[PDB]
Every structure is written in structure tokens, then in C-alpha cells.
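To begin, one chain is listed below as C-alpha cells, in the form deposited without the named molecule.
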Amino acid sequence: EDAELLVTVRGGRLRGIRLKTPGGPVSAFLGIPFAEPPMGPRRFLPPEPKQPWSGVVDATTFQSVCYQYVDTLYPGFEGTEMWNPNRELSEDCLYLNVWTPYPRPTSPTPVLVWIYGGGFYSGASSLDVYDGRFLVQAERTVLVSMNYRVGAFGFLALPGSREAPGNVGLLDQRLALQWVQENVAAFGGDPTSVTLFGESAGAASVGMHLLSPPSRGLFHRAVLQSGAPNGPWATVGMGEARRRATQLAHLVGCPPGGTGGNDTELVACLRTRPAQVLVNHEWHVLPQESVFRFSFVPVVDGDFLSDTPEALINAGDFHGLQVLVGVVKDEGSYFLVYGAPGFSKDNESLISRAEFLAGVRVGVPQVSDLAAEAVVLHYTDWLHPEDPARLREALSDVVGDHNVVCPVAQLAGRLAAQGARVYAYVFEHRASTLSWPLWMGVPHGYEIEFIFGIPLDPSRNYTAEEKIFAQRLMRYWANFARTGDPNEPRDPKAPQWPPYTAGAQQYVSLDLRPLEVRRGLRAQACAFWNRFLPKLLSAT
């Protein structure tokens, strides 16, 4: 009997499971409840801590996935199914997971805390590409990942009201961070050295935790992969969130024909509906045809976010903070097959000029016709204004710069110029096993498999060079978690990773080749989005 799989936390006792890697075993505790199940009258409410339990809670498998929309555009396609839920759906989903090395560390070890992405409408900590066994084995750190409510269950907001305040999905993450402070020591983890890291909407979530005072004291470092809280998709206005919540209520029959519709009666009717019924009308709430836009996202209300993200990033002091940020080479290509005209994952997507001009209105929704003309001016090769391949890459740049690269570059510069030590990267390796078409390049989200060391899985067809590459990245991420610096402390031989400053703006390319230093995170294109376009929309 291995006594390392039994651990006591503040709520009770747990039984973990041993997971095998080619380099040795790892102890895992999957499905630890950290909150009371937010069901019935608890729907749309902030989480409450899980009351203590008797006996031994089994923590050998992942728990249920939070209720969410399931992508069915390409049945059986690995590129989409890998993000779909792999456990049954349930509102009883507030469970976290802890990986710890074997043998358990005797000295306190820095903690990595993963927040999955998924546009705040989908995602789960149980996905195969978030398997923390290879990161924990190779770098002997403690990895924690949690589930948080997505969609309407996590971000439906009737602002100012008490029954649907909004941002409860972000509060689920905060409660999981408080849980790590109180219990990660029992697994050998250092609660004075926890490093948040997430991708897409998870990276946005990590950003909102920097900008929220009650969350800032629960972590010490931050990693933002292909996402930022200031993105045009990561937050929504007060009145718009109320319109979307009311529109979802109408689509499911709330309020009933004849009764009033104040905030109390609306949520009460919403709580009587089956969870799947709410999911089935989530996308019928967005105001127009678009890509990279999601129905229920964090709302700027004055509570969790005292002001807009952009305002708090500008007026914030970030001394004593180290941040690692980055993007993939082709941030926008993944989203074009989800609404842009002429695009298909099963052909070359050689769009026409008319389709490019229409796609700009889909990729940049809710802007004046003059604002669209400015986007077309900046993203057109006027020597080849009709070349389909160049137009395909241009619209991908339009969506990627507008939604990811430029919001991230703005955040990285403001952080470095106001106290924080920032490191920036651009992930440029396309996995040899990638199932998306070749023209998509390195799409949004396909650096995660290499961060988590998935190529080490012997049941996969990764190349030997990708195995070495995955170990390089895991050392980078673990070094930043330990020391706040991705560079090797005992090594001037390896190529060095310079910090990112507001002036020099240095970043490194992450690929099979050694580290290469570059300057400018798409500086020319991001000046249009971050500096000029707001001045244009003000004069409308």
C-alpha cells in the first residue's frame, strides 16, 4: 500500500492515483471539490466553499464538465473534438485537480495553476491536452487546475442585481486560488510561490486576476498565452450584458406572458429551466454575425473590476511582478472557418476580394464603414490587391491582431513600463500531428500540447525533435515559475531570453531552432489598432 496517495486537506481526506510517464510516476488527485455544487437556487450565484466531508473522497478520475455548448461543426474531427467535453455535463462541476511528483517533495515547491480557455463559454480541466503528468515529472513542480462555470452559468449578468451579479465564473477561479493557499502545502507545494498560467480566455482570466485586488494577493507571477483582459472579446458593457441576459430569458420563455420582468422575477424563471435549454440558445444572443465574439463574458460592473481592464492597466503599479506573455504565429486563422465568407477547413480558402471585404465586417464587428475602410487600407497589399492567398493571410492577420496580438502587445508594454518584468514570445512551430489544414499555420491554441509535454506520450506519433522541443518549453515555463526568469540560472551557454521593455520590445521565437531575439510585436499593425482606430471611432 502506497501511503503517498492518501492526503488530508482542510475539508477531509482524499485518495489519489498514480500516473505513469516514460520518466517515472506522478501522484495525482483529480476531482477535489472546492465549492458547494452551484445548483438550484445557487445558479448564477457566487460560489461558496465546500463544507467538510466525512471519510475518504475518491480523487482518481476527473469530475463532471460544466454545462457548455459542444462543437458539432466537424463530427469526428480531432481538431475540434480535442476541445469538447470528455466527461458528462453537470452544473455540479466545481472541482479542481492537483498533480505532485513522486516522491512527494519534502521542501516546499513552486505551484503552477492552470486556467483553461474557451471563450468563457466552453472548456474543462479534464481535457487530454491539459494532462499535467509530464510537466510535473520533468520539472518536479506542483500543478493545480480547476473547473469554473462558463457560459450563462458563469457570466450571465443582470448588473446591480443580487441574483445574477455576473463574473461568478471568475469567482470560481478565485475560490480555487484561495483553496490552493490553504491546502497546496499538504501536497508539497509552496503557497508563497504560485504562478498563474492560462490560454485564450484563461489568459484573459489571469489578466483580470492581476487587476482585481482580492485576487492579486493569491498569486505572485502570471503567464498569459494568446489572450489578455483588454481584448475586444474578453469583457462586455453593463447595458449590453443586461440585453443579452434578457434576450436569453425571452428565448426560453422568461418571463411568462402576462407577468412583470424585474431582475428578481427574471432570474427566478431562469433557475427553473433545465441547464441544457439555456445552452441551446446561447449563440442566438450575440448582436450580429461575427467571429471571436462570445455571448457571456466578464462584465465591467465595479465589483470584480472596479473599472474597465484598459483603465486599470494604465493606472496600475506592477512593481514586484513578473509576467510571461506570448502569441502563436497564426492567431486568427482558426476563427475564419467559423463565419468568414469563402473559408473552409477542407479546401485552400483562396478567397476573393469581395469575400475579403465582407470578411472584414465579420472579423471586426460593430465599427463604422469608415473604420472598415481603414482596416482594408492597412491590411491590403496594394501591389497584389486581388491575390487570394495574400487576402487569406491578410484576414487572418486582421482577426489575430485585433483580438490577440495587439491587446497582448499593449498589455506587455504597459506592464513593463510600470514596474513589471515582462518576457515575451512568439510560438512558431506547427505540430507534425496537426489535423487542421496547412494554410492555417500555427493556429490559436496549438502551443498548449508542447507546454504540457504531450509529445512525451509514447502513444502518440510526435517526432524526436518535438520531444526535445517540449522539454525545452517545460524548462522555460518551470524556470519562470521558480525564479521569475525563464532563463537557466546555472547556464550562460544556452541562448538568452531578454526581457520585454516598452522601448526595445524584444521577444523570442519559440521553435525547433535555438532562441532568436526579435524586436516589435507587430508594431506597425498594432499602432493602427491601439493608437489610431480609437481616435477614429471617437470622431465616428
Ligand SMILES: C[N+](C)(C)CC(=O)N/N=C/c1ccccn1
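In case it trips you up, residue 1 is the first one in the sequence shown, and so on. For the two forms, the rigid core is made up of the largest set of C-alpha atoms that agree within 1.5 Å on superposition.
Unshown form deposited with the named molecule bound; subsequent notes refer to it.
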Open item on the list: Taking any heavy atom pair closer than or equal to 4.5 Å as contact, tell me whether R133 reaches the named molecule in the deposited complex.
Closed with: no
Open item on the list: If we define contact as a non-hydrogen atom of the residue within 4.5 angstroms of the partner, is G445 a contact of the named molecule in the deposited complex?
Closed with: yes
Open item on the list: My question is simply whether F356 lines the interface with the named molecule in the deposited complex - judged by any non-hydrogen atom within 4.5 Å.
Closed with: no
Task: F219, heavy atom within 4.5 angstroms of the named molecule in the deposited complex - done: no
- [ ] Quick one: from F318, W233, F469, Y379, grab the residue that has a heavy atom within 4.5 Å of the named molecule in the deposited complex.
- [x] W233
Open item on the list: I need to confirm a contact call. Of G413, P298, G119, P229, which residue comes within 4.5 Å of the named molecule in the deposited complex, counting heavy atoms only?
Closed with: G119
Open item on the list: Please pick out the stretch from 417 to 425, 371 to 379, 86 to 94, 199 to 207 that is in contact with the named molecule in the deposited complex, where contact means heavy atoms within 4.5 Å.
Closed with: 199 to 207
Open item on the list: Can you list, in sequence order, the residues from 282 to 304 that come within 4.5 Å of the named molecule in the deposited complex, counting heavy atoms only?
Closed with: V291, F292
Task: Core-superposed comparison between this form and the one not shown: the option from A502, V56, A494, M39 whose CA moves 2 angstroms or more - done: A494
Open item on the list: Taking the cut-off of 3 Å or more as given, in which direction does the distance between the C-alpha atoms of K493 and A504 change in the deposited complex, closer or farther?
Closed with: closer
TODO: Just say closer or farther for the C-alpha distance from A494 to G320 in the deposited complex, relative to the shown form; it changes by 3 Å or more.
DONE: closer
